[PDB]
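File shown here: start_32.cif, holding mmCIF, C-alpha atoms.
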data_run
loop_
_atom_site.label_atom_id
_atom_site.label_comp_id
_atom_site.auth_asym_id
_atom_site.auth_seq_id
_atom_site.Cartn_x
_atom_site.Cartn_y
_atom_site.Cartn_z
CA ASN A 111 -67.46 51.89 -61.89
CA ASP A 112 -65.74 50.14 -64.80
CA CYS A 113 -67.03 46.56 -64.40
CA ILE A 114 -70.65 47.29 -65.41
CA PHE A 115 -71.90 46.86 -68.97
CA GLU A 116 -75.12 47.92 -70.68
CA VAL A 117 -77.61 45.68 -72.47
CA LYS A 118 -79.47 47.30 -75.36
CA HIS A 119 -82.35 46.40 -77.66
CA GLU A 120 -83.51 48.66 -80.51
CA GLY A 121 -81.63 51.62 -79.09
CA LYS A 122 -83.22 51.29 -75.64
CA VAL A 123 -81.69 50.36 -72.29
CA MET A 124 -83.55 47.71 -70.29
CA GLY A 125 -80.96 46.38 -67.85
CA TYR A 126 -77.36 45.84 -66.84
CA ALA A 127 -74.79 43.07 -66.60
CA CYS A 128 -72.01 42.72 -64.04
CA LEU A 129 -68.66 40.94 -63.73
CA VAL A 130 -68.21 39.22 -60.36
CA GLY A 131 -65.29 36.98 -59.45
CA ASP A 132 -64.75 34.84 -62.54
CA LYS A 133 -68.30 34.73 -63.94
CA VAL A 134 -70.62 37.12 -65.78
CA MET A 135 -74.17 37.52 -64.44
CA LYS A 136 -77.39 38.77 -66.03
CA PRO A 137 -81.09 38.77 -65.06
CA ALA A 138 -83.23 36.25 -66.91
CA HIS A 139 -86.27 38.39 -67.73
CA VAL A 140 -84.22 41.13 -69.46
CA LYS A 141 -84.21 40.82 -73.25
CA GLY A 142 -81.69 42.08 -75.78
CA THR A 143 -77.98 41.60 -76.34
CA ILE A 144 -74.69 42.93 -74.95
CA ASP A 145 -73.19 46.03 -76.54
CA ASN A 146 -69.59 44.82 -76.27
CA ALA A 147 -68.42 42.88 -79.31
CA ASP A 148 -66.42 40.15 -77.55
CA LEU A 149 -68.89 39.27 -74.78
CA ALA A 150 -71.84 38.89 -77.19
CA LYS A 151 -70.42 35.66 -78.69
CA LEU A 152 -70.35 33.67 -75.43
CA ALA A 153 -72.58 30.68 -74.72
CA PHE A 154 -74.77 30.85 -71.61
CA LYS A 155 -76.47 28.54 -69.14
CA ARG A 156 -80.04 29.26 -68.05
CA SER A 157 -81.95 28.42 -64.88
CA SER A 158 -85.59 29.37 -64.29
CA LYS A 159 -85.35 28.60 -60.56
CA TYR A 160 -83.10 31.60 -59.82
CA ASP A 161 -83.53 33.92 -62.86
CA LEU A 162 -79.81 33.94 -63.65
CA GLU A 163 -77.53 33.27 -66.60
CA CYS A 164 -73.76 32.90 -66.47
CA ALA A 165 -70.72 32.32 -68.66
CA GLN A 166 -66.95 32.07 -68.33
CA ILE A 167 -64.83 35.23 -68.29
CA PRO A 168 -62.32 35.53 -71.16
CA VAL A 169 -58.65 35.52 -70.28
CA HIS A 170 -57.62 39.09 -71.13
CA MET A 171 -60.53 40.71 -69.23
CA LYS A 172 -59.78 39.09 -65.86
CA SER A 173 -58.12 42.12 -64.24
CA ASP A 174 -61.40 44.09 -64.21
CA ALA A 175 -63.40 41.75 -61.96
CA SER A 176 -64.36 42.79 -58.43
CA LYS A 177 -64.06 40.98 -55.10
CA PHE A 178 -66.84 39.15 -53.25
CA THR A 179 -67.65 37.82 -49.78
CA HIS A 180 -70.42 36.04 -47.89
CA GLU A 181 -70.43 37.60 -44.40
CA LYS A 182 -73.47 39.86 -43.90
CA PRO A 183 -73.36 41.53 -40.49
CA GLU A 184 -75.89 44.23 -39.73
CA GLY A 185 -75.03 47.75 -40.85
CA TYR A 186 -75.23 50.13 -43.79
CA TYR A 187 -74.32 49.49 -47.42
CA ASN A 188 -74.02 51.61 -50.56
CA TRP A 189 -75.07 51.42 -54.19
CA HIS A 190 -75.46 53.83 -57.12
CA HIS A 191 -78.38 55.84 -55.71
CA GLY A 192 -77.21 56.17 -52.11
CA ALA A 193 -77.22 54.31 -48.80
CA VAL A 194 -79.13 51.07 -48.17
CA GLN A 195 -79.94 49.51 -44.79
CA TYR A 196 -79.75 45.88 -43.64
CA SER A 197 -81.56 44.77 -40.50
CA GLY A 198 -83.61 41.69 -39.74
CA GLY A 199 -82.22 39.89 -42.78
CA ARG A 200 -83.94 42.19 -45.28
CA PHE A 201 -82.99 45.00 -47.67
CA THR A 202 -84.77 48.35 -47.47
CA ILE A 203 -84.37 51.55 -49.51
CA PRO A 204 -85.97 55.01 -49.15
CA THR A 205 -89.12 55.27 -51.22
CA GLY A 206 -89.18 56.80 -54.69
CA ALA A 207 -85.59 55.95 -55.64
CA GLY A 208 -85.39 53.46 -58.49
CA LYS A 209 -87.48 53.02 -61.63
CA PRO A 210 -88.14 50.19 -64.09
CA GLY A 211 -85.05 49.46 -66.16
CA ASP A 212 -82.58 49.59 -63.25
CA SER A 213 -82.24 45.88 -62.45
CA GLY A 214 -78.79 44.39 -61.99
CA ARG A 215 -77.13 47.09 -59.89
CA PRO A 216 -74.60 45.54 -57.48
CA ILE A 217 -74.60 46.38 -53.77
CA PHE A 218 -71.25 47.12 -52.14
CA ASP A 219 -69.78 46.87 -48.66
CA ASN A 220 -67.44 49.34 -46.95
CA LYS A 221 -64.40 47.91 -48.79
CA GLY A 222 -65.93 47.47 -52.24
CA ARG A 223 -66.85 43.77 -52.11
CA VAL A 224 -70.00 42.56 -53.86
CA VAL A 225 -72.76 40.88 -51.86
CA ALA A 226 -75.94 40.86 -53.98
CA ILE A 227 -77.71 41.68 -57.24
CA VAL A 228 -81.12 43.38 -57.17
CA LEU A 229 -84.06 42.41 -59.39
CA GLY A 230 -87.48 43.97 -58.82
CA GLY A 231 -88.93 45.37 -55.64
CA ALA A 232 -91.98 45.68 -53.42
CA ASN A 233 -94.34 48.60 -52.85
CA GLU A 234 -94.80 50.32 -49.50
CA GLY A 235 -95.43 53.87 -48.32
CA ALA A 236 -92.52 54.98 -46.15
CA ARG A 237 -89.86 52.38 -47.02
CA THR A 238 -89.48 50.01 -49.96
CA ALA A 239 -88.47 46.35 -49.64
CA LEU A 240 -86.26 44.87 -52.36
CA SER A 241 -86.19 41.54 -54.18
CA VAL A 242 -82.63 40.23 -54.12
CA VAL A 243 -80.47 37.20 -54.93
CA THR A 244 -77.49 36.37 -52.73
CA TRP A 245 -75.13 33.45 -52.15
CA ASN A 246 -73.76 31.35 -49.31
CA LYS A 247 -71.21 28.56 -48.97
CA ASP A 248 -71.44 26.60 -52.25
CA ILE A 249 -75.06 27.57 -53.07
CA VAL A 250 -77.17 30.44 -54.38
CA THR A 251 -80.49 31.59 -52.96
CA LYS A 252 -83.38 33.88 -53.88
CA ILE A 253 -85.28 36.13 -51.46
CA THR A 254 -88.62 37.60 -52.54
CA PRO A 255 -90.89 39.62 -50.23
CA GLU A 256 -94.66 39.64 -50.58
CA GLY A 257 -96.13 41.71 -53.38
CA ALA A 258 -92.89 42.36 -55.27
CA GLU A 259 -93.00 43.70 -58.83
CA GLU A 260 -90.32 43.32 -61.49
CA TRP A 261 -88.08 46.21 -62.50
CA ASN B 111 -28.52 36.26 -51.25
CA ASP B 112 -26.07 33.50 -50.28
CA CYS B 113 -28.48 30.55 -50.65
CA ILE B 114 -28.81 30.79 -54.45
CA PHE B 115 -26.51 29.18 -57.03
CA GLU B 116 -26.64 29.52 -60.81
CA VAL B 117 -27.10 26.77 -63.41
CA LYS B 118 -25.54 27.21 -66.85
CA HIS B 119 -25.58 25.43 -70.21
CA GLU B 120 -23.07 26.26 -72.97
CA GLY B 121 -22.37 29.66 -71.42
CA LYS B 122 -26.03 30.70 -71.12
CA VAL B 123 -27.88 31.18 -67.84
CA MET B 124 -31.14 29.23 -67.60
CA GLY B 125 -32.33 29.32 -63.98
CA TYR B 126 -31.50 29.14 -60.30
CA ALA B 127 -31.32 26.56 -57.52
CA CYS B 128 -32.11 27.22 -53.86
CA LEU B 129 -31.13 25.63 -50.54
CA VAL B 130 -34.26 25.38 -48.37
CA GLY B 131 -34.49 23.55 -45.06
CA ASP B 132 -32.40 20.42 -45.52
CA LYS B 133 -33.18 19.91 -49.22
CA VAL B 134 -31.72 21.11 -52.53
CA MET B 135 -34.44 21.95 -55.05
CA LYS B 136 -34.50 22.75 -58.77
CA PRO B 137 -37.19 22.94 -61.47
CA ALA B 138 -37.32 19.98 -63.82
CA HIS B 139 -37.75 21.69 -67.20
CA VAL B 140 -34.46 23.62 -66.80
CA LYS B 141 -31.41 21.97 -68.37
CA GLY B 142 -27.73 22.46 -67.59
CA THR B 143 -25.27 21.84 -64.79
CA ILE B 144 -24.84 23.56 -61.43
CA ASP B 145 -21.92 25.99 -61.20
CA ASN B 146 -20.79 24.96 -57.72
CA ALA B 147 -18.40 22.00 -57.75
CA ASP B 148 -19.75 20.24 -54.66
CA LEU B 149 -23.40 20.16 -55.71
CA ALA B 150 -22.62 18.69 -59.14
CA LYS B 151 -21.74 15.25 -57.71
CA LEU B 152 -25.08 14.56 -56.01
CA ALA B 153 -27.82 12.19 -57.15
CA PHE B 154 -31.30 13.49 -57.87
CA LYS B 155 -34.84 12.12 -57.84
CA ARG B 156 -37.53 13.05 -60.34
CA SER B 157 -41.30 13.41 -60.44
CA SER B 158 -42.97 14.71 -63.59
CA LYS B 159 -46.28 15.26 -61.79
CA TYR B 160 -44.93 18.18 -59.72
CA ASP B 161 -42.10 19.37 -62.04
CA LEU B 162 -39.55 19.19 -59.22
CA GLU B 163 -36.23 17.53 -58.49
CA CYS B 164 -34.54 17.28 -55.10
CA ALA B 165 -31.47 15.97 -53.29
CA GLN B 166 -30.22 16.00 -49.71
CA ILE B 167 -27.81 18.76 -48.69
CA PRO B 168 -24.21 17.79 -47.83
CA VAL B 169 -23.12 18.00 -44.22
CA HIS B 170 -20.75 20.96 -44.19
CA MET B 171 -22.91 23.47 -46.12
CA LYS B 172 -25.97 23.29 -43.84
CA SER B 173 -25.02 26.56 -42.10
CA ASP B 174 -26.27 28.53 -45.14
CA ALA B 175 -29.79 27.07 -45.05
CA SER B 176 -32.84 29.33 -44.89
CA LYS B 177 -35.88 29.12 -42.63
CA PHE B 178 -39.34 28.25 -43.92
CA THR B 179 -42.98 28.08 -42.87
CA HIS B 180 -46.40 27.14 -44.24
CA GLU B 181 -48.63 29.93 -42.90
CA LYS B 182 -50.13 32.03 -45.72
CA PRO B 183 -52.34 34.88 -44.47
CA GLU B 184 -53.51 37.63 -46.78
CA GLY B 185 -51.26 40.64 -47.23
CA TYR B 186 -48.20 41.81 -49.15
CA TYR B 187 -45.02 39.94 -50.07
CA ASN B 188 -41.78 40.74 -51.89
CA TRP B 189 -39.12 39.20 -54.11
CA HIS B 190 -36.21 40.39 -56.25
CA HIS B 191 -38.14 42.42 -58.83
CA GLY B 192 -40.57 44.16 -56.49
CA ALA B 193 -43.55 43.52 -54.24
CA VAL B 194 -46.17 40.81 -54.74
CA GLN B 195 -49.72 40.70 -53.38
CA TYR B 196 -51.56 37.58 -52.20
CA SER B 197 -55.36 37.72 -52.01
CA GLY B 198 -58.02 35.31 -53.17
CA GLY B 199 -55.56 32.42 -53.20
CA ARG B 200 -53.44 33.78 -56.07
CA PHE B 201 -50.17 35.66 -56.54
CA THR B 202 -50.09 38.67 -58.87
CA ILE B 203 -47.37 41.10 -59.98
CA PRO B 204 -47.37 44.26 -62.10
CA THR B 205 -47.39 43.48 -65.80
CA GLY B 206 -44.16 43.34 -67.78
CA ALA B 207 -41.87 42.49 -64.87
CA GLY B 208 -40.28 39.07 -65.11
CA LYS B 209 -38.72 37.50 -68.20
CA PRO B 210 -38.05 33.90 -69.28
CA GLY B 211 -34.95 32.53 -67.58
CA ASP B 212 -35.74 33.76 -64.04
CA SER B 213 -37.70 30.70 -62.88
CA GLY B 214 -36.78 29.26 -59.50
CA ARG B 215 -36.75 32.41 -57.36
CA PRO B 216 -37.98 32.11 -53.77
CA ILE B 217 -40.81 34.28 -52.46
CA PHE B 218 -40.04 35.76 -49.06
CA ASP B 219 -42.05 36.63 -45.96
CA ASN B 220 -41.81 39.66 -43.67
CA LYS B 221 -39.28 37.90 -41.42
CA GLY B 222 -37.34 36.22 -44.24
CA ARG B 223 -39.13 32.86 -44.37
CA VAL B 224 -39.52 31.06 -47.71
CA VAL B 225 -43.08 30.25 -48.75
CA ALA B 226 -43.00 29.53 -52.48
CA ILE B 227 -41.01 28.84 -55.66
CA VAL B 228 -42.08 30.29 -59.01
CA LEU B 229 -42.17 28.39 -62.32
CA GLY B 230 -43.91 30.02 -65.27
CA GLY B 231 -46.91 32.31 -65.37
CA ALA B 232 -49.87 33.67 -67.34
CA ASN B 233 -50.05 37.13 -68.88
CA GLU B 234 -53.07 39.36 -69.41
CA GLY B 235 -53.70 43.07 -70.01
CA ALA B 236 -52.98 44.95 -66.78
CA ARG B 237 -51.75 42.15 -64.49
CA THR B 238 -50.08 38.75 -64.57
CA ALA B 239 -50.81 35.59 -62.58
CA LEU B 240 -48.11 33.16 -61.49
CA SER B 241 -47.95 29.36 -61.46
CA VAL B 242 -46.33 28.31 -58.19
CA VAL B 243 -45.41 25.14 -56.30
CA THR B 244 -45.99 25.34 -52.54
CA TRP B 245 -46.40 23.00 -49.58
CA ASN B 246 -48.68 22.39 -46.60
CA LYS B 247 -48.57 20.02 -43.65
CA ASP B 248 -46.70 16.93 -44.95
CA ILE B 249 -47.28 17.26 -48.74
CA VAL B 250 -46.56 19.54 -51.71
CA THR B 251 -49.05 20.90 -54.24
CA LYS B 252 -49.10 22.62 -57.63
CA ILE B 253 -51.24 25.60 -58.69
CA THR B 254 -51.71 26.66 -62.30
CA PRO B 255 -54.13 29.17 -63.88
CA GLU B 256 -55.44 29.12 -67.44
CA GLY B 257 -53.08 29.90 -70.30
CA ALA B 258 -49.84 29.85 -68.29
CA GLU B 259 -46.49 29.79 -70.08
CA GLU B 260 -43.11 28.62 -68.85
CA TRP B 261 -40.31 31.02 -67.92
#
What do you get writing this file as structure tokens?
Amino acid sequence: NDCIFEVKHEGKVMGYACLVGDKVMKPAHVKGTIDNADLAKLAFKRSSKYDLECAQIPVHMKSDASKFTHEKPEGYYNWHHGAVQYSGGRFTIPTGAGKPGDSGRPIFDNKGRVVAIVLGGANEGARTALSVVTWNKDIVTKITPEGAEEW
Amino acid sequence: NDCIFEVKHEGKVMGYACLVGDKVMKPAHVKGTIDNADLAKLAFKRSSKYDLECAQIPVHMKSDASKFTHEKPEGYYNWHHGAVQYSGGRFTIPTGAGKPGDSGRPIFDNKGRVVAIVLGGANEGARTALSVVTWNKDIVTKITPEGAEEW
């Protein structure tokens, strides 16, 4: 609710940035800069294998970061536009929800812990498969279904 | 309540000393002399890596000793100035509580067991994070977040 920030370029919104744990995360293909004055001066690392950039969280903004976990049992999860379903190791959303410019929305569990960041998605008639990045013990990983298109 | 004695220097209070297990403990950066007559004659050992000093308790005062453990599950804990929450491996308290000169207070469990001793801490906007010295099986360890200041 309060931990999400907007990235703007020439008055337009193209994507979002999120604060997780003790690092700031942002999709690689999204251009522009951060609206907040303090965060815009940070130096970033870049990695074209996972389409992520990160930086260290400043001291006085630490209280606003969310929690995170790595257990992913089957069930239902929530995000901004409703309920999302997890079964077979894959993320699915009802068709028609979501448009270009909405990349970077976190996905929450029943207790408000962050598990993933969405970037892009696939096309299908009845149900839509998502393109997501998650993490495990001491690594990060990228999952991309067939035919996905960037958001 | 009964296990704590006060250390003074030129009429000013600087800190506290506790009787845990079979050992007498005190933070290193605090100067002065112990109020109690019996404890003032002991010899102490020093270690600047952990910021602790210790000495062995005399025979006749052992009846006042507290119990202790090393189990640290997630949940809620309490001390003199309120309740303290432990989650994510860190201790946090509401901002503004705690002033320099209170260092050395024990942190208590639900059944009265001692689990930690507080020395210093770091201050941010809505919360504060503590720097604490704890133990484990057969050793002691020090934990310190960024920007911490002594108390």
Excluding same-chain residues fewer than 5 positions from residue 145 of chain B, what lies within 10 Å of it counting all atoms listed in the file, as a list in words?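 What passes the distance filter is residues 115, 116, 117, 118, 119 and 150 of chain B.
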Tell me which of A:247, A:170, A:190, A:133 sits closest to residue 207 of chain A, counting only C-alpha atoms.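 Comparing A:247, A:170, A:190, A:133 against residue 207 of chain A, the winner is A:190.
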With all atoms listed in the file as the counted atoms, please give the residues lying no more than 12 Å from residue 260 of chain B, apart from itself and same-chain residues fewer than 5 positions off, as number ranges by chain. B: 125, 137-140, 161, 208-214, 228-233, 240-242, 254
May I ask you to extract the residues of chain B within 8 Å of chain A, using all atoms listed in the file, and to give them as a ChimeraX atom specification? /B:234-237,256-257
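Considering the residues B:219, B:168, B:111, B:245 and counting all atoms listed in the file, residue 184 of chain B has its shortest atom-to-atom contact with B:219.
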To test the calculation: enclose all listed atoms of segment 231-235 of chain A in a box whose edges run along x, y and z, add 5 Å on each side, then state centre and edge lengths in Å to one decimal, as AutoDock Vina command-line options.
--center_x -92.2 --center_y 49.6 --center_z -52.0 --size_x 16.5 --size_y 18.5 --size_z 17.3
Quick one: distance from atom CA of residue 225 of chain B to atom CA of residue 238 of chain B in Å, one decimal? 19.3 Å
Mind pulling up the distance from atom CA of residue 248 of chain B to atom CA of residue 216 of chain B? 19.6 Å
Measure the distance from atom CA of residue 180 of chain B to atom CA of residue 156 of chain B in Å and round it to one decimal.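 Value for the atom CA of residue 180 of chain B-atom CA of residue 156 of chain B distance: 23.2 Å.
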I need the residue set behind the PyMOL selection byres ((chain B and resi 135) around 8) for this file; please write it as a PyMOL selection string. chain B and resi 127-130+133-134+136-137+162-165
So which residues get picked by the PyMOL selection byres ((chain B and resi 201) around 9) here, written as a PDB file with C-alpha atoms, in the coordinates of the input?
ATOM      1  CA  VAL B 194     -46.170  40.810 -54.740  1.00  0.00           C
ATOM      2  CA  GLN B 195     -49.720  40.700 -53.380  1.00  0.00           C
ATOM      3  CA  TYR B 196     -51.560  37.580 -52.200  1.00  0.00           C
ATOM      4  CA  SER B 197     -55.360  37.720 -52.010  1.00  0.00           C
ATOM      5  CA  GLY B 198     -58.020  35.310 -53.170  1.00  0.00           C
ATOM      6  CA  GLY B 199     -55.560  32.420 -53.200  1.00  0.00           C
ATOM      7  CA  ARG B 200     -53.440  33.780 -56.070  1.00  0.00           C
ATOM      8  CA  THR B 202     -50.090  38.670 -58.870  1.00  0.00           C
ATOM      9  CA  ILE B 203     -47.370  41.100 -59.980  1.00  0.00           C
ATOM     10  CA  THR B 238     -50.080  38.750 -64.570  1.00  0.00           C
ATOM     11  CA  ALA B 239     -50.810  35.590 -62.580  1.00  0.00           C
ATOM     12  CA  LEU B 240     -48.110  33.160 -61.490  1.00  0.00           C
ATOM     13  CA  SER B 241     -47.950  29.360 -61.460  1.00  0.00           C
ATOM     14  CA  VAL B 242     -46.330  28.310 -58.190  1.00  0.00           C
TER      15      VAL B 242
END
Please determine, counting all atoms listed in the file, which residue among B:153, B:124, B:224, B:217 has the shortest atom-to-atom distance to residue 193 of chain B.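 Checking each candidate against residue 193 of chain B, we get B:217 as the closest.
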On this structure, the PyMOL selection byres ((chain B and resi 252) around 6) would catch which residues? List them as a JSON list (two decimals) with C-alpha atoms, keeping the file's coordinate frame, sorted by chain and number.
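Output (out.json):
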[["chain", "number", "residue", "atom", "x", "y", "z"],
["B", 243, "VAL", "CA", -45.41, 25.14, -56.30],
["B", 251, "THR", "CA", -49.05, 20.90, -54.24],
["B", 253, "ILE", "CA", -51.24, 25.60, -58.69]]
Nearest to residue 113 of chain B by atom-to-atom distance, counting all atoms listed in the file, from B:205, B:158, B:146, B:220: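 Of the candidates, the smallest distance to residue 113 of chain B is held by B:146.
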